[PDB]
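Numbers restart at 1 for each chain; the letters A, B, ... are given by sequence-line order, proteins then strands.
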Amino acid sequence: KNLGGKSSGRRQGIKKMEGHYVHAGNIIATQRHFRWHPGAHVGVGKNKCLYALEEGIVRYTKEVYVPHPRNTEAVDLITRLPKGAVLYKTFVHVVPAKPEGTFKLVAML
Amino acid sequence: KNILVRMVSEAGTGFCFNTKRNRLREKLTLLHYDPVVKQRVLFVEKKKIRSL
Amino acid sequence: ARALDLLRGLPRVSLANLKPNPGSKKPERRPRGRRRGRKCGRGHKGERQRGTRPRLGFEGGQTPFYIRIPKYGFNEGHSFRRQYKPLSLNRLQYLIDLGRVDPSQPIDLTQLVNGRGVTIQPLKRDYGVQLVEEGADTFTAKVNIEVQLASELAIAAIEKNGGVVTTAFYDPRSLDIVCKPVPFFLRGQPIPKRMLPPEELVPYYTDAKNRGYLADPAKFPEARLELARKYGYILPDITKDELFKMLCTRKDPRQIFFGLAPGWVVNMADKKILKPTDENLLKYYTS
Amino acid sequence: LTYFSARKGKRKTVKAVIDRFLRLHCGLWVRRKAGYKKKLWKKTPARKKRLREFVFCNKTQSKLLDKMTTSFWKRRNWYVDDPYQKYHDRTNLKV
Amino acid sequence: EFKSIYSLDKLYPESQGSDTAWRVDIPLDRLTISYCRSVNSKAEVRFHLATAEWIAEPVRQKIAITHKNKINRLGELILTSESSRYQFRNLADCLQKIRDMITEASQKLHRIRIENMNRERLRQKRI
Amino acid sequence: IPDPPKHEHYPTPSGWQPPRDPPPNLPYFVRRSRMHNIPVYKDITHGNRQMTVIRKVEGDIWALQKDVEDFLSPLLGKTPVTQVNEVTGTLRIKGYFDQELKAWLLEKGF
RNA sequence: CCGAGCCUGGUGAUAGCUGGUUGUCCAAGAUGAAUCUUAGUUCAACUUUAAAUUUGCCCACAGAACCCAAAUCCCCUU
RNA sequence: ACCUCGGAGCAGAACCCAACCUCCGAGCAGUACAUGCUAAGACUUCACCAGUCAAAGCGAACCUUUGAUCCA
Ligand SMILES: [Mg+2]
Ligand SMILES: [Mg+2]
Ligand SMILES: [Mg+2]
Ligand SMILES: [Mg+2]
Ligand SMILES: [Mg+2]
Ligand SMILES: [Mg+2]
Ligand SMILES: [Mg+2]
Ligand SMILES: [Mg+2]
Ligand SMILES: [Mg+2]
Ligand SMILES: [Mg+2]
Ligand SMILES: [Mg+2]
């Protein structure tokens, strides 16, 4: 009487652990809901996958979570916290490796 | 249900694009970007393509 | 050499001393013995041992890869597309330098083939030779060359060196005859007329910017000056050149070979050229 | 396929392959994505863009296609204005 | 010599002389052209702008103003092309750039505008 | 195949250069191809094994191998790996060095 | 020897099924997807050979989630 | 009775994991009509097919599940 339930796994999770070198555009982690939040130089897709916006080293950190005020449910959740409480989340950052360019001598006019 | 319809440019171009509108709803007139003209123009529903 | 001295020392070379070069003759593997016998490398039962596995491309019933991909016109009309063998100015200069192509005479497809500078396959829809700008910056040969296509830059290089380039069309039959005239002469047929370009190719060969062989010669000086201006070289007045006659020689649009007219029969056996005199034949071969 | 035809004794070409795949001389096979003309009204713009693309084949897919076509289809073709003339050869390829 | 109904003389009766097919503004002698086989090569065209008699005086002035960044300390306008493997095409690009410069002489910045406006706003102190 | 015409100045615009006269007094000789080019050819196997072959060698192929190793080690940084086919009179070097070896043989006057 | 005779021929029918598959010696070599498909096959994985050049495994620290255990992943060294 | 897809447990912590296994859900709708075009780099349901994400750029503006090929 139990049908369905034959769906395969989504192969989600972290694709780049901490310290892994990541080029711009590489997907860092795919998640179904926000297990890891985007940090510095990390973007978010429609499906909440984290990709590197710059070329660098992936780092995972814990930071205080302050949601966008337009996120009404999160704002209410915060409104219900006690005074000392601060929410925390796991964030993924890309520490950019190369400089974004150098000045070169082109012509000795 | 909804029906797929062919909005045809009122700008005289041969340009048409397919939209979805409820069968019970009135015939559609919609502003849309015409690539050939390179400007937003009116498109009018011409004929029903299919029922979806 | 020391090898020949070793021979002098060694026994006579005969049919009893001969051995194939080691590594040229792999041993033959046949299914006898423990290692190659028994199941003889065919597996165990199933279609693969029975020798009856399905055709190539069959995927066990799943819609095959080569059929589940949509049809697209990648190769539509491939056998009717015209093909032109490339002749880079690098290759042309190499041939001229090694003397396989004589620039002192007009260079046409026959001369290119005879010098082995290009290989034409009319049966594979080769319509002739296209000049290619590759090597233009080092081209330093004054040549009168006839080709089927020519890039603007290749024309520029040819003309800057003081030469002349004309794009001339050839139907498949005329192209075959031009590329290999001797077999045609052995066929014993009168030299046919060179057909005109198809309608799509007519504008190309009537355009002066392409140096088309059917283009108005009045417009050629203007086009040559335009190329000289565009590519920053001074147009040399070839009329003053001592080879101006050679640079000017151009076969008639209906002529396959420079000095032979349509309708002539080449008797190579006795070194003669039979020419028809019937008025109807002459009119036909002149039309 | 037919490894030895009954009239010539030659190997035959599977014309279903020729109708679907382009061979670049270097050994690559190009194809259209399946469904690129089907029910576009229900496909997102990104999916449509992915489907409208010309795509290379695997090594094993390419080997299969090479087996299924004869050497005529694997020759140099000097077409006049071939859009794939530049793609017919590989450059800066290390191993 | 053989001639058919499609011979060039018949096709274009007006132009029949052999010399008609071979009868022949930037001074290439005045320009100095150099080629660097730097992959694309490079072609450099340099010429003393002031003494370019083939360019009108007002045109020379307008060029010296608009394209002062391409003028060497010797007063010679230098311009290069490196967009082709063929020095022919590089030189063609350089010559076309010269022609375009002459024609226009005849007839990111947003932030710079804002910062200059702010400089002028700060421009208030008067001795 | 016609003998190449005499040119006033060498190398020829295509880059071709006749072998010097008299031939170099080296222990070995590298005969030109029937086209009058240096017989140095790129070769490829397995799609990744790049080789260069100096083919029409006469004399001390081992002296040629020593010379080639000396000439190529600075370029590679290591002594190149080679095969001397003394029978066929060829020298096969791992890696593509066709242009360098052609220039080197031209300098030596072959 | 008739739920459709016998003989010849097509015919060396076809058989994803059963059986068989002949010298010596050495070496490497073992448990997913689709499929009128699970007695089969194709792709993968594994496996063998040859070739190219350059990191591979092990691997501590750091690191990998909220909701509501054994361990695993990742990699400086070694 | 079931046959495709998806969510949860088995399968606690990267991924992955069956069943006549224990439960649940879907064959679209709402929206707009840039919900356009292009394009680095990536993910990928253990193959392929297919399916995802996406910087930069151009152009308007200021979106949240079902099915191939041929054939028409
Ligand atoms: Mg499940
Ligand atoms: Mg055995
Ligand atoms: Mg058996
Ligand atoms: Mg089996
Ligand atoms: Mg070879
Ligand atoms: Mg009976
Ligand atoms: Mg049988
Ligand atoms: Mg063993
Ligand atoms: Mg089926
Ligand atoms: Mg079976
Ligand atoms: Mg995969």
Using the side-chain heavy atoms of [X], tell me which of these nucleotides is nearest: [options].
X	options	result
D/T60	H/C33, G/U22, G/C43	G/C43
B/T19	H/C33, H/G7, G/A65	H/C33
A/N47	H/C53, H/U69, G/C25	H/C53
C/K45	H/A50, G/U42, G/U18	G/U18
B/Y33	H/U4, G/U21, H/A34	H/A34
F/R49	G/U22, G/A52, G/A62	G/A52
D/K39	H/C53, H/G67, H/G7	H/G67
B/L28	G/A65, H/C33, H/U4	H/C33
B/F17	H/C33, H/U44, H/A55	H/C33
C/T52	G/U22, H/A50, G/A15	G/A15

State whether [X] places a side-chain N or O below 4.0 Å from either non-bridging phosphate oxygen (OP1 or OP2) of [N].
X	N	value
A/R35	G/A65	yes
D/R50	H/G51	no
B/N22	H/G30	yes
F/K94	G/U53	yes
C/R68	H/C48	no
C/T63	H/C49	no
A/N2	H/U22	yes
D/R31	H/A50	yes
D/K38	H/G67	no
C/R50	G/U18	yes
A/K15	H/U44	yes
C/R34	G/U22	no
A/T30	H/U52	no
A/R11	H/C15	no

Using the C1'-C2'-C3'-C4' torsion, classify the pucker of [N] as north or south, with positive meaning north.
N	answer
G/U37	north
G/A65	south
H/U38	north

[X] near the nucleic acid: base, sugar-phosphate alone, or nothing, with a heavy-atom cut-off under 4.0 Å?
X	result
A/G45	sugar-phosphate
A/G19	nothing
F/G47	nothing
A/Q12	sugar-phosphate
A/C49	sugar-phosphate
A/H20	sugar-phosphate
A/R32	sugar-phosphate
C/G61	sugar-phosphate
F/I44	nothing

(message) With a 3.5 Å cut-off and heavy atoms only, can you find an N or O donor on one side and an acceptor on the other between the side chain of C/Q49 and the base of G/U21?
(response)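 Donor-acceptor pair under 3.5 Å: yes.
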(message) Is there, by distance only and without an angle test, a donor paired with an acceptor across the side chain of B/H32 and the base of H/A34 below 3.5 Å?
(response) no
(message) Is there stacking between G/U31 and G/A30 - six-membered ring centres closer than 5.5 Å and planes within an angle under 30°?
(response) no
(message) Would you say the bases of G/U22 and G/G23 stack, taking the criterion to be ring centres below 5.5 Å apart together with planes below 30 degrees?
(response)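 No, six-membered rings of the two bases do not stack.
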(message) In terms of relative ring orientation, are B/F43 and B/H32 parallel, tilted or perpendicular, with 30° and 60° separating the classes?
(response)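 Perpendicular, since the angle between the ring planes exceeds 60°.
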At a cut-off of 3.5 Å, list every protein nitrogen or oxygen paired with a nitrogen or oxygen from nucleotides 37-39 of chain H, distance to 0.1 Å.
{"residue": "H/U38", "atom": "OP1", "partner": "D/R52", "partner atom": "NH1", "Å": "3.2"}
{"residue": "H/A39", "atom": "OP2", "partner": "D/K49", "partner atom": "NZ", "Å": "3.1"}
{"residue": "H/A39", "atom": "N7", "partner": "D/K49", "partner atom": "NZ", "Å": "3.3"}

(request) With D/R32 as the cation and D/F54 as the aromatic partner, state whether NZ or CZ is under 6.0 Å from the six-membered ring centre and within 45° of the axis. (result)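 D/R32 over D/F54 ring: yes.
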(request) State whether a side-chain donor-acceptor pair under 3.5 Å links F/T79 with F/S73. (result) no
(request) Write out the stems for RNA chain G, ordered by first number and formatted as range with range, counting runs of at least 3 consecutive Watson-Crick or G-U wobble pairs under 3.5 Å. (result) G:32-35 with G:40-43
Could you check [N] for me: syn (within 90° of 0) or anti?
N	result
G/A4	syn
H/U69	syn
H/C46	syn

(request) Show the numbers, then the answer: is there a side-chain contact (heavy atoms from CB on, under 4.5 Å) between B/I49 and D/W41? (result) CA-CA 11 Å; B/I49 302 167; D/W41 58 269; over 6 Å; no
(request) Could you grab the distance from atom CD of F/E69 to atom CG of F/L91, nearest 0.5 Å is fine? (result) 8.0 Å
(request) Answer yes or no: is there a side-chain heavy-atom contact under 4.5 Å between F/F97 and F/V68? (result) no
(message) Assuming nearest nucleotide by heavy-atom distance, tell me which of A/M17 and C/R48 is located more 5' along RNA chain G.
(response)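 Result: C/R48.
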(request) Can you see which heavy atom on E/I112 is nearest to which on E/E115, and at what distance? (result) O-CG, 3.1 Å
(request) Searching all strands shown, indicate the nucleotide that pairs with H/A8 (Watson-Crick or G-U wobble; both distances under 3.5 Å). (result)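 By the stated definition (distances under 3.5 Å), H/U22 pairs with H/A8.
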